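Ideal geometry is used to build each Cβ from the backbone, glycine not excepted, and the neighbour counts take in all protein chains shown. Here, each number is a calculation from the coordinates, and none is a lab measurement.
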Amino acid sequence: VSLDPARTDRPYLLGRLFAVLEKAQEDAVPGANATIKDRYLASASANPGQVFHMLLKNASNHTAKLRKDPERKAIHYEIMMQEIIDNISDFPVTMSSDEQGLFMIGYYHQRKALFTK
Amino acid sequence: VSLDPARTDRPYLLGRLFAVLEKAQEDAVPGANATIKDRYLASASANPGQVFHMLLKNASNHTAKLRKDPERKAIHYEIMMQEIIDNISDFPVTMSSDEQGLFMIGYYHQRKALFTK
Amino acid sequence: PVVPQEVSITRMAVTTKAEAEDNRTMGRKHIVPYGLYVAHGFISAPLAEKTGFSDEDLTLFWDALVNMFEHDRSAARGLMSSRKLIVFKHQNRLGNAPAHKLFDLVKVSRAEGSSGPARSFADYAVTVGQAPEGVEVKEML
RNA sequence: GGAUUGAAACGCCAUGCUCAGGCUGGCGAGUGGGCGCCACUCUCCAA
């Protein structure tokens, strides 16, 4: 078992999206004292509709800063973000417990891939 | 017989994960009067889908302290968690008796390895 | 299959000279969220001819079977009740068919809305077949 | 093509572990605790 790029289960996709967002921030601001997951992990899993929009908004700044210098992947990150958010229909207001567990599973599956190769 | 890192039986993997989480907590807050083993061991083995989404939050909360020190002992736990979750697909809502026995066996197998040289 | 659940309990007092000194004790329980059961039975005429078992006794027996659980309420029992009763009556002093064939005429299975776990009698469907000519089947009980 | 104290030699017929008995009665996860302290979108470009 590993990351499945065709599951299409909404919590799974949300977990993947969160993983990529945190990776982006990490690249943008090295050595940060307080990261996004330290700030929002509980709420993001419990009530996606509350926070995700502003998390997406801030992401643009991190990508914009990166692509301003001769370093790239940033296009790769935004490509992942766009292709993932293409499949999501809408952010739920609330989620059940098993759905929250699926969220974490998706998050970890996604995160392991990024450090491969 | 000893820890088999290729068994891939879901209760076995859950048992291993519980032990690693307990180890992380112990490292984070020395000398705690109460530990997750006392608070949750009964519940998790019976209904995994209800509590793991909570345990994983405190997992990150604990790792945050360590990673913020010059104590570098602290991505080892994250690496282990990535390995273990890589084989899981979903959390069972309920488990049978023999499955719980296998869960305990996996837990004890995992715990012994952590204390080797 | 059934899936028992185990629940934890507390108490305010102690029974004997324990030097804990407030909360004082803890307990345990086991319960079944839901389940449905089936039972079989037989009656023999030659033996009744020896003991004298008579018809009015049979009527009383039917009544007791119907109203068995009404007086059995208890702390641990929960709620239990009966739902169905089918009787096969042979037409002579010795049967006209094997029992196992008769027991097969009754079938139980999930209703259309299975919806995973069963939690009420409405989740099942019960049906009865057609009995051989030598046997009478009455089910209104 | 006389004589291994030898040459021959059944343990055999057949019989029910049966009749029946409640794991019960019952017990509070309960008492209570500020996400706070504070910080310029700002410097200049004919129609």
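Summary table below
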read-out	value
Single match in C:48, C:13 (criterion: within 14 Å of RNA strand D (Cβ to nearest atom), part of a helix (DSSP H, G or I) and over 30 Å from residue C:110 (Cα atoms))	C:48
Only listed residue being within 13 Å of RNA strand D (Cβ to nearest atom) and over 30 Å from residue B:44 (Cβ atoms), chosen from C:57, C:72	C:72
All positions within the range A:1-28 that are within 13 Å of chain B (Cβ to nearest Cβ) and outside any helix (DSSP H, G or I)	A:1, A:2, A:3, A:4, A:7, A:9
Verdict on residue C:2 being of a type outside the set (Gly, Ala, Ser), in contact with a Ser or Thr (Cβ under 8 Å, 6 or more places away or on another chain) and in a loop (DSSP other than H, G, I, E, B)	no
Residues of the range C:18-34 that turn out to be loosely packed, with under 10 Cβ neighbours inside 10 Å, within 16 Å of RNA strand D (Cβ to nearest atom) and part of a loop (DSSP other than H, G, I, E, B), as a count	5
Residue among B:81, B:54 that is surrounded by 19 or more Cβ atoms within 10 Å (Cβ to Cβ), within 25 Å of residue A:33 (Cα to Cα) and under 15 Å from the mean Cα position of the chain (by Cα)	B:81
Failed condition for residue C:5, given (1) surrounded by 12 or more Cβ atoms within 10 Å (Cβ to Cβ); (2) more than 16 Å from RNA strand D (Cβ to nearest atom); (3) within 14 Å of chain B (Cβ to nearest Cβ)	(2)
Residue that is surrounded by the most Cβ atoms within 10 Å (Cβ to Cβ) [pool: residues in the range A:86-105 that are in a helix (DSSP H, G or I) and touching a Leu at 6+ places or on another chain (Cβ under 7 Å)]	A:103
So residue C:65, is it assigned to a helix (DSSP H, G or I) and either within 11 Å of RNA strand D (Cβ to nearest atom) or closer than 30 Å to residue B:42 by Cα (or both)	no
